[PDB]
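Asker: sequence first, structure after, both from an experimental entry:
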Amino acid sequence: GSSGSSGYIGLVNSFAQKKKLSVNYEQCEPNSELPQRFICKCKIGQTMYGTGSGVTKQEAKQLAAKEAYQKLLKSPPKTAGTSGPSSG
């Protein structure tokens, strides 16, 4: 394959869960009748991270993540701090 053994498309999905975050995918259609292109915006906790756009929803939603990923690596979720014997 290419662009990673699996890709970022999934990175986010697993990323959010790890950071007990909330990932959402909004689907908005282009006012203009044609052409017809699906769009999916990835929002993490009511926050705009990435936005994918393609001929099909899937293709869109997918890419969306790719953007959300890099966005995290640059600007992660400002957290206070984790601490506890629950796990070490």
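Answerer: It's in. Numbers count the residues shown, from 1 in each chain.
Asker: what distance do you get for residue 11 to residue 5?
Answerer: Residue 11 is 11 Å from residue 5, where distance means Cβ to Cβ, to the nearest Å. Any C-beta I mention is one placed from the backbone N, CA and C, and that applies to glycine too.
Asker: please say which of the two ends up with more neighbours.
Answerer: Taking other Cβ atoms under 10 Å, residue 11 and residue 5 do not tie; residue 11 has more neighbours (18 against 6).
Asker: so where does that one fall, helix or strand?
Answerer: Element membership of residue 11, judged by DSSP states H and E, is helix 8-18.
Asker: what lines up beside the helix or strand just after that helix in the sheet?
Answerer: Note on helix 8-18: by DSSP H and E, the next helix or strand toward the C-terminus is strand 23-27. Strand 23-27 has its sheet partners listed here by DSSP bridges as strand 38-44 (antiparallel).
Asker: between helix 8-18 and the strand it pairs with, find me the angle.
Answerer: 30 degrees (axes from the mean of the first three to the mean of the last three Cα atoms, to 10 degrees).
Asker: now do strand 38-44: distance to the chain's middle.
Answerer: Relative to the centre of its chain, strand 38-44 is centred 7 Å away, using Cα atoms, centre = their mean, to the nearest Å.
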